[PDB]
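To start, the structure itself, in structure tokens.
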Amino acid sequence: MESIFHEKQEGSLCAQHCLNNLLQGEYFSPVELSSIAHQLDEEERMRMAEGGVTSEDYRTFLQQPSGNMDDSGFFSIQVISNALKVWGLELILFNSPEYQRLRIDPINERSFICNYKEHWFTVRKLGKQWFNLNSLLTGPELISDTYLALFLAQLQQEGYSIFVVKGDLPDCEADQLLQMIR
Amino acid sequence: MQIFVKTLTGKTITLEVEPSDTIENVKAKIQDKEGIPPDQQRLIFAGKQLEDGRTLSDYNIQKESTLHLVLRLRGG
Amino acid sequence: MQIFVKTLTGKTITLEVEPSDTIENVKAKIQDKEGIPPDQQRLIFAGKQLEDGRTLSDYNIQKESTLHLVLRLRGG
């Protein structure tokens, strides 16, 4: 545990820690959460402007909450799908049957986020194992290879929306130093 | 009429309400389905926050309106 | 040294700078490249906002390092 992006925080702004520990290391920013969220608003606005069906189109979609800065400091998938998108990574749904059918070994993947509405699990591959962390979790839940296979299944059964990140994720020093652990 | 309440998680709650229904009552309806505390329920419509002491008609809210619920749902 | 710049659209540009180059001067380079004025431009380097009157040296920005170009913070 030498150079590891281990930030601590509490009281909303959970997304600030989720992204801060998404690609193994830090690179994002709190203010960026409102920027990437407004990206969808930017496109939706011009879209709803032309394809305006009602008056609410250029009203509710002109000022979409959370997209134009959140009140409490929480953002949904609106910032997750965009965060990876701007870096060149794709988000795959491993909980939805229409996509889950791909059946791709999760141990081969890079990182995935689980959503249960009331909580989200930030899971990412570290060294040769899988680590789950959060703002409400100081202890990285060491996920074994054989346990991960079951974990993913348990999440699906529970109703955890699994967002798998496909592509080449920029690993940090924590990946190299974790290779010497079991 | 029925409205669409977008919860911070990627869910749209379709609940039946009333024009003269108070925002606070709307929260109770959401609490009955999602279980989210009305007090922490930051109901925002088109950027404008819905005050508990106001009604749906106050913000010109009609049927199939896109509401947005804000709060620390992630927890950690 | 050629760092980088991450836009909010997913586009990245090979920004060339010097060790003693200031954030402000970098913003100029971006102004020409993109077009967005420096006052509108925001630069972040790993959960840290870069001040216009600060050199890249202190920031520790090593060779070939990305940067976050934020420009949307308006809300209502």
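Here, A, B, ... name the chains of the structure tokens in the order displayed, residue numbers run from 1 inside each chain, and ligands are numbered from 1 in the same displayed order.
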
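Note on identical chains: chain C superimposed on chain B gives 2.3 Å, C-alpha RMSD over every paired atom.
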
Inset, instruction - May I ask you to extract the residues of chain A within 10 Å of chain B, using only C-alpha atoms, and to give them as a count of residues only? - result: 46

According to DSSP computed on the backbone, where in chain B is there strand (DSSP E or B)? Give the residues as a compact mmCIF listing (two decimals) with C-alpha atoms, in the first residue's frame.
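Generated output (out.txt):
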# COMPACT_ATOMS: atom_id res chain seq x y z
CA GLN B 2 -50.43 9.85 -13.73
CA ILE B 3 -46.96 11.39 -13.55
CA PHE B 4 -43.40 10.17 -14.16
CA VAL B 5 -41.09 10.55 -11.16
CA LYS B 6 -37.46 10.04 -12.17
CA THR B 7 -35.50 8.68 -9.23
CA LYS B 11 -36.02 4.46 -12.47
CA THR B 12 -39.25 6.19 -13.45
CA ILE B 13 -42.08 5.91 -10.95
CA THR B 14 -45.52 6.23 -12.54
CA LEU B 15 -47.90 7.27 -9.77
CA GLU B 16 -51.44 8.60 -9.88
CA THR B 22 -49.87 18.95 -2.24
CA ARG B 42 -35.99 16.68 -2.81
CA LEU B 43 -38.67 16.86 -5.49
CA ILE B 44 -37.52 19.02 -8.38
CA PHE B 45 -39.46 19.78 -11.55
CA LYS B 48 -37.45 24.32 -9.94
CA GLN B 49 -37.68 22.63 -6.55
CA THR B 55 -49.57 21.91 -5.12
CA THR B 66 -41.34 14.41 -15.86
CA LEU B 67 -40.50 14.88 -12.17
CA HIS B 68 -37.03 14.40 -10.70
CA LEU B 69 -36.31 13.15 -7.18
CA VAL B 70 -32.96 14.20 -5.73

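For range 55-126 of chain A, backbone-based DSSP assignment of alpha helix (DSSP H) covers residues 57, 58, 59, 60, 77, 78, 79, 80, 81, 82, 83, 84, 85, 86, 87, 97, 98, 99 and 100 of chain A.
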
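One finds CA of residue 151 in chain A at 12.1 Å from CA of residue 105 in chain A.
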